[PDB]
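K.L.:
Next comes input.txt, compact mmCIF, C-alpha atoms:
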# COMPACT_ATOMS: atom_id res chain seq x y z
CA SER A 1 112.45 107.83 91.77
CA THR A 2 109.30 108.08 89.68
CA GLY A 3 106.32 105.96 88.70
CA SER A 4 103.86 106.06 85.81
CA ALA A 5 100.72 103.94 85.46
CA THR A 6 97.80 103.92 83.07
CA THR A 7 94.35 104.40 84.54
CA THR A 8 91.35 102.95 82.68
CA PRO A 9 87.62 103.71 82.91
CA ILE A 10 85.63 100.82 84.40
CA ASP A 11 82.71 101.28 82.00
CA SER A 12 81.41 103.30 79.06
CA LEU A 13 80.32 106.18 81.33
CA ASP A 14 83.67 106.74 83.10
CA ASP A 15 81.95 105.92 86.41
CA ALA A 16 85.40 105.33 87.94
CA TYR A 17 88.95 104.55 86.87
CA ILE A 18 91.14 101.58 87.80
CA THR A 19 94.92 101.45 87.95
CA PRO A 20 96.96 98.25 88.28
CA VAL A 21 98.92 97.96 91.55
CA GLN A 22 101.47 95.27 92.46
CA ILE A 23 101.19 94.03 96.06
CA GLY A 24 103.45 91.51 97.75
CA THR A 25 106.13 89.06 96.69
CA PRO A 26 105.67 87.54 94.18
CA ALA A 27 103.53 90.41 92.95
CA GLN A 28 99.76 90.13 93.15
CA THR A 29 98.30 92.68 90.73
CA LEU A 30 95.00 94.26 91.79
CA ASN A 31 93.10 97.00 89.97
CA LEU A 32 92.56 99.81 92.45
CA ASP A 33 90.49 103.00 92.39
CA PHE A 34 92.93 105.85 93.06
CA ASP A 35 91.01 108.22 95.33
CA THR A 36 92.32 111.69 96.16
CA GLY A 37 89.32 112.08 98.52
CA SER A 38 90.37 109.36 100.99
CA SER A 39 93.49 108.02 102.66
CA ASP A 40 93.20 104.24 103.02
CA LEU A 41 94.72 101.62 100.72
CA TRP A 42 92.30 98.69 101.12
CA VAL A 43 91.79 95.55 99.09
CA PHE A 44 89.48 92.64 98.58
CA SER A 45 91.33 89.72 100.13
CA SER A 46 91.37 86.07 101.16
CA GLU A 47 89.86 87.39 104.42
CA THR A 48 86.83 89.02 102.77
CA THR A 49 83.52 87.37 103.68
CA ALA A 50 82.98 84.95 100.79
CA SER A 51 79.41 86.03 100.02
CA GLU A 52 80.69 89.60 99.57
CA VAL A 53 83.19 88.71 96.83
CA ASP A 54 81.77 88.59 93.29
CA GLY A 55 84.44 88.58 90.60
CA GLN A 56 87.10 90.78 92.19
CA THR A 57 90.74 89.80 92.30
CA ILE A 58 91.82 89.23 95.90
CA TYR A 59 95.05 89.82 97.80
CA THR A 60 96.17 86.73 99.71
CA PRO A 61 98.75 87.80 102.29
CA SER A 62 99.70 84.22 103.18
CA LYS A 63 101.08 83.89 99.63
CA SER A 64 103.32 86.96 99.97
CA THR A 65 106.73 86.40 101.53
CA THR A 66 106.97 90.10 102.42
CA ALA A 67 103.53 90.41 104.09
CA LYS A 68 103.43 90.95 107.83
CA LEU A 69 100.33 91.29 110.00
CA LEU A 70 100.23 94.72 111.64
CA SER A 71 99.34 93.37 115.04
CA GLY A 72 96.20 94.79 116.62
CA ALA A 73 95.41 97.17 113.78
CA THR A 74 91.92 97.49 112.36
CA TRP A 75 90.24 99.87 109.94
CA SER A 76 86.71 100.92 109.03
CA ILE A 77 85.66 103.50 106.48
CA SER A 78 82.45 105.02 105.20
CA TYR A 79 82.35 106.96 101.95
CA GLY A 80 80.22 109.91 100.87
CA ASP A 81 78.10 107.65 98.67
CA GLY A 82 77.06 105.54 101.66
CA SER A 83 79.35 102.60 100.90
CA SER A 84 81.73 101.13 103.50
CA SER A 85 84.34 98.50 104.26
CA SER A 86 86.43 97.29 107.21
CA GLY A 87 89.03 94.76 108.25
CA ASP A 88 92.57 94.25 109.52
CA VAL A 89 95.99 95.37 108.26
CA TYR A 90 99.18 94.00 106.77
CA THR A 91 102.35 95.75 105.74
CA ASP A 92 103.76 94.68 102.39
CA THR A 93 105.60 95.89 99.31
CA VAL A 94 103.44 97.96 96.96
CA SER A 95 104.45 99.17 93.50
CA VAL A 96 102.65 101.54 91.15
CA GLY A 97 103.95 102.00 87.65
CA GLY A 98 107.50 101.08 88.66
CA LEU A 99 107.56 103.07 91.94
CA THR A 100 108.00 100.81 94.97
CA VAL A 101 107.16 101.41 98.63
CA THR A 102 108.21 98.84 101.21
CA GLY A 103 106.25 98.54 104.46
CA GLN A 104 103.06 100.04 103.01
CA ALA A 105 99.92 99.50 105.07
CA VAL A 106 97.63 97.26 103.01
CA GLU A 107 94.21 97.18 104.63
CA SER A 108 92.60 93.79 104.09
CA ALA A 109 88.81 93.82 103.91
CA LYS A 110 86.88 91.42 106.09
CA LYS A 111 83.60 93.13 105.14
CA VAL A 112 82.54 95.31 102.23
CA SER A 113 79.16 96.91 101.49
CA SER A 114 76.96 95.80 98.63
CA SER A 115 78.05 98.49 96.18
CA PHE A 116 81.61 97.16 96.34
CA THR A 117 80.55 93.54 95.96
CA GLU A 118 78.39 94.48 92.98
CA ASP A 119 81.26 96.17 91.16
CA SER A 120 83.44 93.35 89.87
CA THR A 121 85.94 95.73 88.26
CA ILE A 122 87.26 97.43 91.42
CA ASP A 123 89.55 95.33 93.64
CA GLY A 124 90.00 98.07 96.27
CA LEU A 125 90.94 101.72 96.79
CA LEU A 126 94.26 103.53 96.96
CA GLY A 127 93.80 106.73 98.93
CA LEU A 128 95.73 109.85 97.94
CA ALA A 129 94.27 112.46 100.30
CA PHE A 130 96.26 113.47 103.39
CA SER A 131 97.28 110.77 105.88
CA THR A 132 95.40 112.56 108.68
CA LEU A 133 92.24 110.93 107.23
CA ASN A 134 93.60 107.38 107.39
CA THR A 135 91.26 105.19 109.46
CA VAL A 136 93.69 102.60 110.85
CA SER A 137 93.45 102.24 114.62
CA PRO A 138 95.13 102.43 117.07
CA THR A 139 98.10 103.57 114.97
CA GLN A 140 97.19 105.71 111.95
CA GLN A 141 99.00 104.75 108.76
CA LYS A 142 100.49 106.73 105.86
CA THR A 143 99.27 106.80 102.28
CA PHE A 144 101.29 105.35 99.42
CA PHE A 145 102.17 108.89 98.31
CA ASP A 146 103.19 109.97 101.81
CA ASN A 147 105.48 106.92 102.09
CA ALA A 148 106.98 107.48 98.61
CA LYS A 149 107.36 111.24 98.84
CA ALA A 150 110.89 111.56 100.17
CA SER A 151 112.23 109.19 97.49
CA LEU A 152 110.47 110.92 94.60
CA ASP A 153 112.39 113.21 92.25
CA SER A 154 109.77 115.88 93.11
CA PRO A 155 107.11 115.50 95.84
CA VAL A 156 104.15 115.46 93.43
CA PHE A 157 101.73 113.23 91.65
CA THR A 158 99.58 114.06 88.63
CA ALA A 159 96.15 112.91 87.46
CA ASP A 160 95.45 112.91 83.73
CA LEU A 161 92.06 111.22 83.43
CA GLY A 162 90.64 110.42 79.99
CA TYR A 163 87.17 111.04 78.62
CA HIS A 164 85.94 107.63 77.49
CA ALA A 165 89.61 106.64 77.23
CA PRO A 166 92.59 105.63 79.39
CA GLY A 167 94.74 108.21 81.12
CA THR A 168 97.73 108.35 83.43
CA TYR A 169 98.81 108.76 87.05
CA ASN A 170 102.43 109.89 87.39
CA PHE A 171 104.44 110.05 90.61
CA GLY A 172 107.48 112.22 91.12
CA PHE A 173 107.52 114.22 87.88
CA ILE A 174 105.44 116.52 85.71
CA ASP A 175 105.14 115.33 82.09
CA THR A 176 105.39 118.60 80.20
CA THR A 177 104.11 116.93 77.01
CA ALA A 178 100.80 115.97 78.64
CA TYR A 179 99.14 119.40 78.68
CA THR A 180 98.79 122.58 76.65
CA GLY A 181 99.69 126.08 77.76
CA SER A 182 100.79 126.58 81.34
CA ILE A 183 99.87 125.02 84.68
CA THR A 184 98.10 127.44 87.04
CA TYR A 185 98.75 126.71 90.69
CA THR A 186 96.32 127.53 93.46
CA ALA A 187 96.38 127.32 97.28
CA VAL A 188 95.30 124.24 99.21
CA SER A 189 93.85 123.94 102.71
CA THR A 190 94.66 120.62 104.36
CA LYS A 191 92.50 121.42 107.41
CA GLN A 192 89.86 118.81 106.54
CA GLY A 193 92.42 116.31 105.16
CA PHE A 194 91.45 116.90 101.53
CA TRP A 195 92.99 118.61 98.52
CA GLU A 196 90.71 121.57 99.21
CA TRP A 197 90.96 124.71 97.08
CA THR A 198 88.89 127.69 95.91
CA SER A 199 87.74 128.09 92.34
CA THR A 200 87.42 131.67 91.14
CA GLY A 201 84.09 131.17 89.35
CA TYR A 202 82.26 129.63 86.44
CA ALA A 203 80.58 130.05 83.08
CA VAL A 204 77.82 128.09 81.36
CA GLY A 205 78.34 127.46 77.66
CA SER A 206 79.32 130.63 75.82
CA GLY A 207 77.94 132.77 78.65
CA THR A 208 79.78 135.38 80.67
CA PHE A 209 82.12 134.29 83.44
CA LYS A 210 80.76 134.77 86.96
CA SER A 211 83.51 135.65 89.44
CA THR A 212 82.66 133.95 92.70
CA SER A 213 84.66 131.89 95.20
CA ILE A 214 83.75 128.19 95.24
CA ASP A 215 85.54 126.14 97.91
CA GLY A 216 85.75 122.45 97.07
CA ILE A 217 87.89 119.33 96.89
CA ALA A 218 89.76 117.73 94.01
CA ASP A 219 88.46 114.18 94.26
CA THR A 220 89.39 111.54 91.71
CA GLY A 221 87.23 109.00 93.57
CA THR A 222 83.96 110.86 92.96
CA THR A 223 82.40 110.50 89.51
CA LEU A 224 80.48 113.76 89.16
CA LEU A 225 80.87 117.50 89.73
CA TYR A 226 78.97 118.68 92.82
CA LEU A 227 78.52 122.44 93.15
CA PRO A 228 76.25 124.90 94.96
CA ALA A 229 72.58 124.76 94.03
CA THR A 230 72.68 128.26 92.53
CA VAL A 231 75.46 127.28 90.09
CA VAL A 232 73.85 123.96 89.20
CA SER A 233 70.46 125.60 88.56
CA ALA A 234 72.12 128.15 86.26
CA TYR A 235 73.71 125.32 84.26
CA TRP A 236 70.60 123.17 83.80
CA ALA A 237 68.42 126.18 82.99
CA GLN A 238 70.30 126.23 79.66
CA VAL A 239 69.12 122.69 78.79
CA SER A 240 65.53 122.51 77.50
CA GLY A 241 63.50 120.07 79.54
CA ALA A 242 66.09 119.54 82.27
CA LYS A 243 64.74 119.28 85.80
CA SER A 244 65.70 118.14 89.26
CA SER A 245 64.01 114.83 90.04
CA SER A 246 63.68 113.88 93.70
CA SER A 247 62.73 110.34 92.65
CA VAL A 248 65.82 109.83 90.50
CA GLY A 249 68.10 111.72 92.87
CA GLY A 250 69.25 114.74 90.90
CA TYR A 251 69.07 116.63 87.66
CA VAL A 252 67.94 114.72 84.59
CA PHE A 253 67.63 115.92 81.03
CA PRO A 254 66.16 114.70 77.74
CA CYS A 255 68.64 112.36 76.10
CA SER A 256 67.95 114.22 72.82
CA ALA A 257 69.56 117.41 74.22
CA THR A 258 72.89 118.90 73.25
CA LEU A 259 74.59 119.89 76.52
CA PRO A 260 76.47 123.18 76.93
CA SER A 261 80.02 123.23 78.24
CA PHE A 262 80.83 124.30 81.79
CA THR A 263 83.88 126.41 82.63
CA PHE A 264 85.49 126.69 86.06
CA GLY A 265 88.13 129.17 87.16
CA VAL A 266 91.56 128.39 88.56
CA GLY A 267 92.99 131.75 89.47
CA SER A 268 92.86 133.78 86.25
CA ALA A 269 92.88 130.58 84.17
CA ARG A 270 89.86 128.69 82.88
CA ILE A 271 89.16 124.96 82.49
CA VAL A 272 86.43 124.06 79.99
CA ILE A 273 84.40 120.89 80.52
CA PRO A 274 82.83 119.93 77.17
CA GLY A 275 79.08 119.30 77.23
CA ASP A 276 79.52 115.63 76.34
CA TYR A 277 81.46 115.08 79.59
CA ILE A 278 78.28 116.01 81.50
CA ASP A 279 76.16 113.21 79.94
CA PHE A 280 75.81 110.13 82.18
CA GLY A 281 73.30 108.41 79.95
CA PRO A 282 69.85 106.89 80.48
CA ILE A 283 68.64 106.75 84.08
CA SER A 284 67.65 103.12 83.38
CA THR A 285 68.17 100.94 80.32
CA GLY A 286 66.08 102.18 77.40
CA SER A 287 64.98 105.42 79.07
CA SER A 288 65.03 108.72 77.19
CA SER A 289 65.74 110.55 80.45
CA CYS A 290 69.48 111.01 80.97
CA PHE A 291 71.37 111.66 84.20
CA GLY A 292 73.35 114.87 84.56
CA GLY A 293 77.04 115.05 85.41
CA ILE A 294 76.74 118.34 87.33
CA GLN A 295 74.69 117.99 90.50
CA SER A 296 73.97 119.98 93.64
CA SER A 297 76.27 119.64 96.65
CA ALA A 298 73.52 120.91 98.95
CA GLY A 299 73.35 118.48 101.83
CA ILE A 300 76.78 116.96 101.09
CA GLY A 301 78.37 119.78 103.05
CA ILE A 302 81.21 120.29 100.59
CA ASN A 303 81.65 121.00 96.88
CA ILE A 304 83.38 118.21 94.97
CA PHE A 305 85.43 118.60 91.80
CA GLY A 306 85.09 114.96 90.80
CA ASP A 307 86.05 113.15 87.62
CA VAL A 308 83.72 115.22 85.39
CA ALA A 309 85.82 118.29 86.21
CA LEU A 310 89.24 116.71 86.66
CA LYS A 311 89.21 114.78 83.39
CA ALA A 312 89.02 118.11 81.54
CA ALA A 313 92.44 119.01 82.98
CA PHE A 314 95.96 117.88 83.70
CA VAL A 315 96.04 118.11 87.50
CA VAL A 316 99.11 118.44 89.72
CA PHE A 317 98.84 117.36 93.33
CA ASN A 318 101.86 119.14 94.80
CA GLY A 319 102.81 117.60 98.15
CA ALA A 320 105.57 120.05 99.00
CA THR A 321 105.79 121.32 102.59
CA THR A 322 103.00 123.73 101.72
CA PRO A 323 100.80 121.73 99.33
CA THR A 324 99.24 123.31 96.24
CA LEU A 325 97.14 122.17 93.27
CA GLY A 326 97.92 122.84 89.63
CA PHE A 327 95.54 122.77 86.66
CA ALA A 328 96.31 122.90 82.95
CA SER A 329 94.19 122.48 79.86
CA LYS A 330 95.06 119.51 77.64
Please, can you express the file's structure as structure tokens?
P.N.:
Amino acid sequence: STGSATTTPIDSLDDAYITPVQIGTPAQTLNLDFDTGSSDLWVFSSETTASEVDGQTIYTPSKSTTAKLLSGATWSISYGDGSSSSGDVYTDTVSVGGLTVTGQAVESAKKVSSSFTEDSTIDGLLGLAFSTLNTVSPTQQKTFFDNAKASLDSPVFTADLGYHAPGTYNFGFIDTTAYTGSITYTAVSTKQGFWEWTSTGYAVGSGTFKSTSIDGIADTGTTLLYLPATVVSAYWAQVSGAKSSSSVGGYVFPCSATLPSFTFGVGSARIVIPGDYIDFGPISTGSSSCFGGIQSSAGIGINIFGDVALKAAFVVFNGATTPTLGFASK
């Protein structure tokens, strides 16, 4: 089997992407944030504290003839950005772009933190990291991809995120028309539960490539590119007037600037992030100070190849017995 679904930016900045997901019978379609940095499929629901729901579409398990309470199971998750959610668990039928999994754990939120409430466009998350990170207790549950894998034509999914435009998540096949040149594959460590890999270096603008190993995670659920402070300083030094602002929370730059591109290495291959992808706009409405899309990972504890990086590539998440990651230009 295969599936193919369009993923759509939630706003004009590509702060996140939502993908429609069918849950239950009859289908209830919710727009979920596909997140290769976590491993829980959780949704706003009829069980979510009413004051914490503000415009989201909810899953109502009592209206699904295939929903079953997973007795005794609870979940609770905290994300790198400080947000969180928790609740109980149902199993139900879940379909993405024509690919159906029966008996998928659907984690129903009883509580969500303010950042979720305040984002009316995201109805929940669909985790695509390794199932070892799944938070369901006392019986850990499998991700949608893990459940689908054996039925797929090939045990892979691909992320093709758009810049200021829709893109695509495919399951079970590689669309050879969706990228240019060849796909370069690189090793993955699953030791921390992430799609963790090592970039071979970077360049700023038209500058020379610096060969250096940068360990990090491919994370569709993180907006920006978080890299070591040395790398980030080298990038922003090429933007007149750019500076790190402790008050704002990262590097800012004059909105009048033209940003240089940023290149990262994948083996001997190179992925070029255009300068415009690194612009996250005014820090507040009407400001001439703009927020940068490349930020320091210092104090996160891990480097994160988030959407800023991934949207410059066609990315293969290869879930074969020994997982690997593939990157192509597009």
K.L.:
What does the structure give for the distance between atom CA of residue A:304 and atom CA of residue A:77, in Å to one decimal?
P.N.:
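Computing it gives 18.8 Å between the two atoms.
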K.L.:
So that I can check the surroundings of stretch 268-276 of chain A, please list as an mmCIF file with C-alpha atoms, in the coordinates of the input every protein, DNA and RNA residue that reaches within 8 Å of it, counting only C-alpha atoms and ignoring chain neighbours fewer than 6 positions away.
P.N.:
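To be explicit, this is the file written out as around39.cif:
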data_model
loop_
_atom_site.group_PDB
_atom_site.id
_atom_site.type_symbol
_atom_site.label_atom_id
_atom_site.label_comp_id
_atom_site.auth_asym_id
_atom_site.auth_seq_id
_atom_site.Cartn_x
_atom_site.Cartn_y
_atom_site.Cartn_z
ATOM 1 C CA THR A 184 98.100 127.440 87.040
ATOM 2 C CA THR A 200 87.420 131.670 91.140
ATOM 3 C CA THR A 258 72.890 118.900 73.250
ATOM 4 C CA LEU A 259 74.590 119.890 76.520
ATOM 5 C CA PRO A 260 76.470 123.180 76.930
ATOM 6 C CA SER A 261 80.020 123.230 78.240
ATOM 7 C CA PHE A 262 80.830 124.300 81.790
ATOM 8 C CA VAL A 308 83.720 115.220 85.390
ATOM 9 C CA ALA A 309 85.820 118.290 86.210
ATOM 10 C CA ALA A 312 89.020 118.110 81.540
ATOM 11 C CA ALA A 313 92.440 119.010 82.980
ATOM 12 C CA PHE A 327 95.540 122.770 86.660
ATOM 13 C CA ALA A 328 96.310 122.900 82.950
ATOM 14 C CA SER A 329 94.190 122.480 79.860
#
K.L.:
Taking (108.2, 101.7, 104.0) in the file's coordinates as the center, which residues reach within 10 Å of it, counting only C-alpha atoms, put as a list in words?
P.N.:
residues 91, 92, 93, 94, 100, 101, 102, 103, 104, 105, 142, 144, 146, 147 and 148 of chain A
K.L.:
Find the residues around residue A:10 up to 8 Å (only C-alpha atoms counted), leave out those fewer than 5 positions away in its own chain, and share them as a ChimeraX atom specification.
P.N.:
/A:15-18,121-122
K.L.:
In Å, how far is it from atom CA of residue A:263 to atom CA of residue A:204?
P.N.:
6.4 Å
K.L.:
Might you pull out every residue within 10 Å of residue A:280, with only C-alpha atoms counted and same-chain residues fewer than 4 positions away left off, and present them as a PyMOL selection string?
P.N.:
chain A and resi 12-15+223-224+252+255+276+290-294+308
K.L.:
Would you mind writing stretch 311-326 of chain A with N, CA and C atoms, as a CSV table (one decimal), in the frame of the given file?
P.N.:
chain,number,residue,atom,x,y,z
A,311,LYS,N,88.8,115.4,84.7
A,311,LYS,CA,89.2,114.8,83.4
A,311,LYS,C,89.3,115.8,82.3
A,312,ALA,N,88.8,117.0,82.5
A,312,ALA,CA,89.0,118.1,81.5
A,312,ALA,C,90.4,118.8,81.7
A,313,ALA,N,91.2,118.4,82.7
A,313,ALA,CA,92.4,119.0,83.0
A,313,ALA,C,93.6,118.0,83.2
A,314,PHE,N,94.8,118.5,83.2
A,314,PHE,CA,96.0,117.9,83.7
A,314,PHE,C,96.1,118.5,85.1
A,315,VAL,N,96.1,117.6,86.1
A,315,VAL,CA,96.0,118.1,87.5
A,315,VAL,C,97.3,117.7,88.3
A,316,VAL,N,97.9,118.7,88.9
A,316,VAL,CA,99.1,118.4,89.7
A,316,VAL,C,98.7,118.5,91.2
A,317,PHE,N,99.0,117.4,91.9
A,317,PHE,CA,98.8,117.4,93.3
A,317,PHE,C,100.2,117.5,93.9
A,318,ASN,N,100.5,118.8,94.3
A,318,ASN,CA,101.9,119.1,94.8
A,318,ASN,C,101.9,119.0,96.3
A,319,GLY,N,102.7,117.9,96.7
A,319,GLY,CA,102.8,117.6,98.2
A,319,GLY,C,104.1,118.1,98.8
A,320,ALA,N,104.5,119.3,98.3
A,320,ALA,CA,105.6,120.0,99.0
A,320,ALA,C,105.1,120.4,100.4
A,321,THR,N,106.1,121.0,101.2
A,321,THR,CA,105.8,121.3,102.6
A,321,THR,C,104.5,122.1,102.7
A,322,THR,N,104.3,123.1,101.9
A,322,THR,CA,103.0,123.7,101.7
A,322,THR,C,102.3,123.2,100.4
A,323,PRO,N,101.4,122.3,100.6
A,323,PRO,CA,100.8,121.7,99.3
A,323,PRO,C,100.1,122.8,98.5
A,324,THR,N,100.0,122.5,97.2
A,324,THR,CA,99.2,123.3,96.2
A,324,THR,C,98.7,122.4,95.2
A,325,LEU,N,97.7,122.9,94.4
A,325,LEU,CA,97.1,122.2,93.3
A,325,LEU,C,97.4,122.9,92.0
A,326,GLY,N,97.7,122.2,90.9
A,326,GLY,CA,97.9,122.8,89.6
A,326,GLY,C,96.9,122.3,88.6
